[PDB]
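Novice: Here you go, one structure.
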Amino acid sequence: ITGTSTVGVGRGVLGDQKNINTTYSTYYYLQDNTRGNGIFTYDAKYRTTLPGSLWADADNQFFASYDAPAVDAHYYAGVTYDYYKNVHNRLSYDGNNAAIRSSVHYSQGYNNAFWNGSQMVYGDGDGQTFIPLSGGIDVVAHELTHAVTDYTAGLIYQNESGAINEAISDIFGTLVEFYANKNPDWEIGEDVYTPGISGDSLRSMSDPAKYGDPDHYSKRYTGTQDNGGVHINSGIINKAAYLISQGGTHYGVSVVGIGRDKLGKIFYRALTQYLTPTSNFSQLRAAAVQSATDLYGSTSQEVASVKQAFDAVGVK
Ligand SMILES: CC(C)C[C@H](NP(=O)(O)CNC(=O)OCc1ccccc1)C(=O)NC[C@@H](C)C(C)(C)C
Ligand SMILES: [Ca+2]
Ligand SMILES: [Ca+2]
Ligand SMILES: [Ca+2]
Ligand SMILES: [Ca+2]
Ligand SMILES: [Zn+2]
């Protein structure tokens, strides 16, 4: 909407206070004009018709319980925009500052979040498996990263290409979590998963097998559930990425870590220059090796560590 840029204040899902960029025109709207062509947050009102209505508020204060998922979807979309722009020189998900749209309060008891081809969508959870999913910065960045992938490599959402697609979203979700630097870790979704269980998470990149996901190509899922295991076999790539950054010895193979900034550079270049819609795990290894070669040189430690990490997870 046309209006003037304003700054509201509210509380997110976890009870933390933050300022949010809003727009005033009769109401105060969750419309942040400070980033690209805007970040827009909508109320889906417990329905499944999208996007719903642009979030309107009478007083620019967002402290009601019903407001909390909207505050966080809006704010964390801004952090994710900033990460891509400041770290990778990428302007929104399409590289040309496309408007970023999110809807919260999707459906009832909805234990998921997704990119629908055009926007982000967040359930509230059922209060047992999840609380409102926009409360996790890694979750928000995971979802926006699906849009980045779809506009770039275009990885088809099944089998190995789909598991790469998933891992890319977990990797960049985690790197955005580190960028914001509030309780960062290599776990996925811990802030919104299972409020009655402390210390768990939906997935682990440091130890995927803690939640049943494979950490070696020889343990890959070969069935048909979950689009051929896209949220399962992502563990193999998540583990490789963790090893590139942090190092370790895994199935007897030692990896010298190069840190999370270089991980991000290597995987961003692979995603945007070398991967294709049908890339498999072996082709991702080759793309990561080539990316590290471009950035650091063929004889570099960075290239050597990429090779060791993929060796450690059984991907040649
Ligand atoms: C980061 C996480 C909290 C949320 C993330 N959502 P996602 O990976 O983003 C779901 N995304 C999804 O299924 O996309 C398919 C699609 C939908 C609409 C249009 C086109 C394609 C995700 O991992 N979900 C699976 C969990 C909930 C399991 C337990 C595997 C069912
Ligand atoms: Ca209000
Ligand atoms: Ca965390
Ligand atoms: Ca996390
Ligand atoms: Ca939990
Ligand atoms: Zn995903």
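For the structure tokens, the naming scheme is as follows: chains receive sequential letters (A, B, ...) according to their order of presentation, residues are indexed from 1 within each chain, and ligands are indexed from 1 in presentation order.
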Considering only C-alpha atoms, return as a count of residues only whatever protein or nucleic-acid residues lie within 6 Å of residue 110 in chain A, sequence-local ones (same chain, fewer than 4 positions apart) excluded.

Specialist: 3

Novice: List all protein, DNA and RNA residues that have any atom at most 6 Å from ligand 2, counting only C-alpha atoms and all ligand atoms, and write the list as a VMD selection string.

Specialist: chain A and resid 57 to 62

Novice: Would you name the residues within 6 Å of ligand 1, counting only C-alpha atoms and all ligand atoms, and put them as a PyMOL selection string?

Specialist: chain A and resi 112-117+139+142-143+189+231

Novice: I'd like the contact shell of range 148-160 of chain A - 9 Å cut-off, only C-alpha atoms, skipping same-chain residues fewer than 5 positions apart - returned as a PDB file with N, CA and C atoms, in the first residue's frame.

Specialist:
```pdb
ATOM      1  N   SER A  92      17.061  -9.736  -2.660  1.00  0.00           N
ATOM      2  CA  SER A  92      15.898 -10.598  -2.538  1.00  0.00           C
ATOM      3  C   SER A  92      16.082 -11.959  -3.213  1.00  0.00           C
ATOM      4  N   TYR A  93      15.011 -12.744  -3.258  1.00  0.00           N
ATOM      5  CA  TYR A  93      15.150 -14.123  -3.705  1.00  0.00           C
ATOM      6  C   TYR A  93      15.413 -14.235  -5.200  1.00  0.00           C
ATOM      7  N   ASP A  94      14.930 -13.283  -6.009  1.00  0.00           N
ATOM      8  CA  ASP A  94      15.111 -13.314  -7.455  1.00  0.00           C
ATOM      9  C   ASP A  94      16.329 -12.519  -7.912  1.00  0.00           C
ATOM     10  N   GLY A  95      17.074 -11.897  -6.993  1.00  0.00           N
ATOM     11  CA  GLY A  95      18.199 -11.061  -7.368  1.00  0.00           C
ATOM     12  C   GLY A  95      17.821  -9.699  -7.900  1.00  0.00           C
ATOM     13  N   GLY A 117       5.606 -21.415  -4.060  1.00  0.00           N
ATOM     14  CA  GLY A 117       5.909 -20.976  -5.402  1.00  0.00           C
ATOM     15  C   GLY A 117       5.924 -19.473  -5.544  1.00  0.00           C
ATOM     16  N   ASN A 165      18.191 -29.631  -2.375  1.00  0.00           N
ATOM     17  CA  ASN A 165      17.308 -28.491  -2.160  1.00  0.00           C
ATOM     18  C   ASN A 165      17.060 -28.282  -0.665  1.00  0.00           C
ATOM     19  N   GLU A 166      16.687 -29.351   0.039  1.00  0.00           N
ATOM     20  CA  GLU A 166      16.454 -29.273   1.482  1.00  0.00           C
ATOM     21  C   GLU A 166      17.706 -28.863   2.235  1.00  0.00           C
ATOM     22  N   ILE A 168      20.302 -27.201   1.222  1.00  0.00           N
ATOM     23  CA  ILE A 168      20.597 -25.792   0.967  1.00  0.00           C
ATOM     24  C   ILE A 168      19.773 -24.904   1.906  1.00  0.00           C
ATOM     25  N   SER A 169      18.481 -25.205   2.053  1.00  0.00           N
ATOM     26  CA  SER A 169      17.646 -24.435   2.969  1.00  0.00           C
ATOM     27  C   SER A 169      18.078 -24.582   4.430  1.00  0.00           C
ATOM     28  N   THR A 222      15.965 -44.977   0.295  1.00  0.00           N
ATOM     29  CA  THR A 222      15.722 -45.308  -1.098  1.00  0.00           C
ATOM     30  C   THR A 222      14.241 -45.560  -1.370  1.00  0.00           C
ATOM     31  N   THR A 224       9.934 -44.229  -1.132  1.00  0.00           N
ATOM     32  CA  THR A 224       9.148 -43.234  -1.853  1.00  0.00           C
ATOM     33  C   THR A 224       8.509 -42.182  -0.960  1.00  0.00           C
ATOM     34  N   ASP A 226       8.023 -38.977   1.520  1.00  0.00           N
ATOM     35  CA  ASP A 226       8.696 -37.685   1.647  1.00  0.00           C
ATOM     36  C   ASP A 226       9.415 -37.310   0.345  1.00  0.00           C
ATOM     37  N   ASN A 227       8.755 -37.555  -0.791  1.00  0.00           N
ATOM     38  CA  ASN A 227       9.317 -37.225  -2.111  1.00  0.00           C
ATOM     39  C   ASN A 227      10.660 -37.919  -2.338  1.00  0.00           C
ATOM     40  N   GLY A 228      10.767 -39.175  -1.900  1.00  0.00           N
ATOM     41  CA  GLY A 228      12.033 -39.869  -1.965  1.00  0.00           C
ATOM     42  C   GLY A 228      13.008 -39.463  -0.888  1.00  0.00           C
ATOM     43  N   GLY A 229      12.515 -39.060   0.273  1.00  0.00           N
ATOM     44  CA  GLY A 229      13.372 -38.756   1.409  1.00  0.00           C
ATOM     45  C   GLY A 229      14.052 -37.407   1.408  1.00  0.00           C
ATOM     46  N   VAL A 230      13.418 -36.363   0.872  1.00  0.00           N
ATOM     47  CA  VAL A 230      14.122 -35.081   0.765  1.00  0.00           C
ATOM     48  C   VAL A 230      14.510 -34.493   2.124  1.00  0.00           C
ATOM     49  N   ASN A 233      17.458 -37.654   3.482  1.00  0.00           N
ATOM     50  CA  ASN A 233      18.759 -37.660   2.822  1.00  0.00           C
ATOM     51  C   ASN A 233      19.451 -36.308   2.834  1.00  0.00           C
ATOM     52  N   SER A 234      18.742 -35.227   3.164  1.00  0.00           N
ATOM     53  CA  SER A 234      19.409 -33.953   3.403  1.00  0.00           C
ATOM     54  C   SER A 234      20.468 -34.077   4.486  1.00  0.00           C
ATOM     55  N   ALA A 270      28.118 -22.437  -5.601  1.00  0.00           N
ATOM     56  CA  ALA A 270      27.681 -23.685  -6.220  1.00  0.00           C
ATOM     57  C   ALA A 270      26.210 -23.594  -6.627  1.00  0.00           C
ATOM     58  N   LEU A 271      25.370 -23.100  -5.715  1.00  0.00           N
ATOM     59  CA  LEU A 271      23.932 -23.003  -5.947  1.00  0.00           C
ATOM     60  C   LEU A 271      23.612 -22.130  -7.146  1.00  0.00           C
ATOM     61  N   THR A 272      24.300 -20.998  -7.267  1.00  0.00           N
ATOM     62  CA  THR A 272      23.937 -19.984  -8.247  1.00  0.00           C
ATOM     63  C   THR A 272      24.693 -20.087  -9.552  1.00  0.00           C
ATOM     64  N   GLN A 273      25.790 -20.841  -9.607  1.00  0.00           N
ATOM     65  CA  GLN A 273      26.546 -20.981 -10.844  1.00  0.00           C
ATOM     66  C   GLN A 273      26.610 -22.381 -11.415  1.00  0.00           C
ATOM     67  N   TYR A 274      26.574 -23.422 -10.599  1.00  0.00           N
ATOM     68  CA  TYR A 274      26.909 -24.747 -11.102  1.00  0.00           C
ATOM     69  C   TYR A 274      25.788 -25.769 -11.009  1.00  0.00           C
ATOM     70  N   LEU A 275      24.948 -25.707  -9.990  1.00  0.00           N
ATOM     71  CA  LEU A 275      23.880 -26.691  -9.858  1.00  0.00           C
ATOM     72  C   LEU A 275      22.781 -26.449 -10.886  1.00  0.00           C
ATOM     73  N   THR A 276      22.088 -27.530 -11.216  1.00  0.00           N
ATOM     74  CA  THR A 276      21.005 -27.503 -12.194  1.00  0.00           C
ATOM     75  C   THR A 276      19.789 -28.186 -11.572  1.00  0.00           C
ATOM     76  N   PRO A 277      18.641 -28.200 -12.252  1.00  0.00           N
ATOM     77  CA  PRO A 277      17.454 -28.775 -11.614  1.00  0.00           C
ATOM     78  C   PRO A 277      17.616 -30.234 -11.251  1.00  0.00           C
ATOM     79  N   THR A 278      18.420 -30.982 -11.999  1.00  0.00           N
ATOM     80  CA  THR A 278      18.546 -32.417 -11.781  1.00  0.00           C
ATOM     81  C   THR A 278      19.858 -32.833 -11.114  1.00  0.00           C
ATOM     82  N   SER A 279      20.621 -31.909 -10.553  1.00  0.00           N
ATOM     83  CA  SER A 279      21.877 -32.288  -9.923  1.00  0.00           C
ATOM     84  C   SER A 279      21.675 -33.346  -8.849  1.00  0.00           C
ATOM     85  N   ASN A 280      22.554 -34.349  -8.857  1.00  0.00           N
ATOM     86  CA  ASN A 280      22.622 -35.347  -7.797  1.00  0.00           C
ATOM     87  C   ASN A 280      23.784 -35.052  -6.833  1.00  0.00           C
ATOM     88  N   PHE A 281      23.938 -35.904  -5.815  1.00  0.00           N
ATOM     89  CA  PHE A 281      24.941 -35.636  -4.784  1.00  0.00           C
ATOM     90  C   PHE A 281      26.355 -35.581  -5.366  1.00  0.00           C
TER      91      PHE A 281
END
```

Novice: Collect all residues with atoms no farther than 9 Å from ligand 5, counting only C-alpha atoms and all ligand atoms, and output them as JSON, numbers by chain.

Specialist: {"A": [129, 130, 189, 190, 191, 192, 193, 194, 195, 196, 197, 198, 199, 200, 201, 202]}

Novice: Under the rule that only C-alpha atoms and all ligand atoms are counted, which of A:266, A:175, A:13, A:87 is the nearest residue to ligand 3?

Specialist: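 Result for the nearest residue to ligand 3: A:175.
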
Novice: List every residue of range 100-244 of chain A that DSSP, applied to the backbone of this structure, places in helix (DSSP H, G or I), and write the result as a PyMOL selection string.

Specialist: chain A and resi 133-135+137-151+159-180+208-211+217-219+225-229+234-244

Novice: When you count only C-alpha atoms, which of these residues is closest to residue 284 in chain A: A:20, A:304, A:205, A:315?

Specialist: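 Looking only at the distances to residue 284 in chain A, the closest residue turns out to be A:315.
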
Novice: Kindly work out which residues sit at most 9 Å from ligand 3, using only C-alpha atoms and all ligand atoms, and give the list as a list in words.

Specialist: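 Answer in the requested format: residues 136, 137, 138, 174, 177, 178, 181, 182, 183, 184, 185, 186, 187, 188, 189, 190 and 191 of chain A.
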
Novice: Pick out the closest residue to residue 313 in chain A from this set: A:246, A:218, A:301, A:22. Count only C-alpha atoms.

Specialist: A:218

Novice: What is the CA of residue 105 in chain A to CA of residue 122 in chain A distance in Å?

Specialist: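 Spanning CA of residue 105 in chain A to CA of residue 122 in chain A is a straight-line distance of 6.5 Å.
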
Novice: As a list in words, please: all residues of range 145-316 of chain A that backbone DSSP puts in strand (DSSP E or B).

Specialist: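 Strand (DSSP E or B) members of range 145-316 of chain A, listed: residues 187, 188, 193, 203, 204, 248, 249, 250, 253, 254 and 255 of chain A.
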
Novice: To one decimal in Å, tell me the separation between CA of residue 1 in chain A and CA of residue 147 in chain A.

Specialist: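 Interatomic distance here is 23.2 Å.
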
Novice: Using only C-alpha atoms, which protein or nucleic acid residues come within 7 Å of residue 40 in chain A? Drop anything in the same chain fewer than 6 positions from it, and give the result as a count of residues only.

Specialist: 6

Novice: Using only C-alpha atoms for the distances, tell me which of A:285, A:11, A:18, A:85 is nearest to residue 63 in chain A.

Specialist: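 Result for the nearest residue to residue 63 in chain A: A:11.
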
Novice: Quick check, in Å to one decimal: how far apart do CA of residue 133 in chain A and CA of residue 96 in chain A lie?

Specialist: 27.2 Å

Novice: For a quick check of understanding, using only C-alpha atoms, which of A:15, A:8, A:78, A:127 has the smallest distance to residue 56 in chain A?

Specialist: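 With only C-alpha atoms as the atom set, the closest residue is A:8.
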